[PDB]
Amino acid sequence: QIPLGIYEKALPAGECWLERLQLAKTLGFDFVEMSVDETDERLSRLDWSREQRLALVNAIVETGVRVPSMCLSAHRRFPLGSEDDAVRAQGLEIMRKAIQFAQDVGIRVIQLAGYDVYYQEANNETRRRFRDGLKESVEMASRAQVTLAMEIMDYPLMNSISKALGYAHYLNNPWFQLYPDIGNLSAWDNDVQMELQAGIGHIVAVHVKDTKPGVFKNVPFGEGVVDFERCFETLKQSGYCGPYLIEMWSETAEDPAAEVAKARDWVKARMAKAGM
């Protein structure tokens, strides 16, 4: 088996989760990755009532479609490296609330964004604050027993598996792992296939998307520089047995389901070629 998931933001935008999960099932997916992004609407999920949390658990159990991971891109707006101590405190409360939320609804993995700061310029001060924020986050994670997994990013601080492995060695904690995005990994000057193999005992999930140098969003599958077949071959041959998540933003398309179905078959053909 190869568990295959779809990004929340590839599907229609309604906060109706049972409908979302039914659609994913219909489209042939095993799971949906939730996004808790910079928007107040998705951020407000962290303030959901017990009944709202439990309704999500209900929909998951009823449909069989899991929500095993949360993409926590809210830290782009409230980064852990902020020299604004108010903004940083806000990033840390979001982290705490995301961990409690994951405990409540049974999310397995919180995918962290490797930004020390995004909208502000980086320096030694922001990197040190990010490092300390990350250590604090992993401590909360260790208490809760919730996996935090650093994504390989559209940003120089975390633009390879190697740099994430640096953080993993520093932290030396079972609850801090790796969540490579093969698109982001391919959009710099990395030896991608060597990076995938190097990270193996730390890789808990894989984001599947295409990219170009300096273009990390909305590059159509096949129009970028990602060698999908090679990546899948490397991961399979190195013993990877975890999930793959198709990352796309077709929520805005005329027919989101149709865009998703085409990307699904496209991605699946390449996995099949790679022996999976």
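All residue numbers are counted from 1 along the displayed sequence.
Enquirer: Go through the other compared entries with residues on either side of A168 and state whether a third or more give it no coordinates.
Expert: Yes, left without coordinates in at least a third.
Enquirer: Counting only other entries where the flanking residues are modelled, do a third or more lack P256?
Expert: It is not, since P256 is included in all of the other entries that model both flanking stretches.
Enquirer: Mean CA B-factor: is it higher for 229 to 237 or for 213 to 221?
Expert: If you average the C-alpha B-factors of 229 to 237 and of 213 to 221, the larger mean comes out for 213 to 221.
Enquirer: So, looking at the entry's B-factor column for Cα atoms, which has the higher mean, 192 to 200 or 114 to 122?
Expert: Stretch with the higher mean C-alpha B-factor: 114 to 122.
Enquirer: I'd like to know which of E33, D30, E251, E51 has the highest C-alpha temperature factor in the PDB entry.
Expert: When the deposited C-alpha B-factors of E33, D30, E251, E51 are compared, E251 is largest.
Enquirer: Between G106, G81, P180, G166, which carries the biggest CA temperature factor in the record?
Expert: Going by the entry's C-alpha B-factors, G81 comes out highest.
Enquirer: Ranked by Cα temperature factor within the chain, is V267 in the lowest third, the middle third or the highest third?
Expert: For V267, whose C-alpha B-factor we compare with every modelled residue in the chain, the answer is the lowest third.
Enquirer: Among the modelled residues of its chain, does the C-alpha B-factor of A187 lie in the lowest, middle or highest third?
Expert: Middle third, going by the recorded CA B-factors of the chain.
Enquirer: Per the entry's values, where does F130 land by CA temperature factor relative to the rest of its chain, in the lowest, middle or highest third?
Expert: According to the entry, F130 has a C-alpha B-factor in the chain's highest third.
Enquirer: Lowest, middle or highest third of the chain for the C-alpha temperature factor of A86?
Expert: As the PDB entry reports it, the C-alpha B-factor of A86 lands in the highest third of its chain.
Enquirer: Comparing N58 with the other modelled residues of its chain, is its CA B-factor in the lowest, middle or highest third?
Expert: Lowest third.
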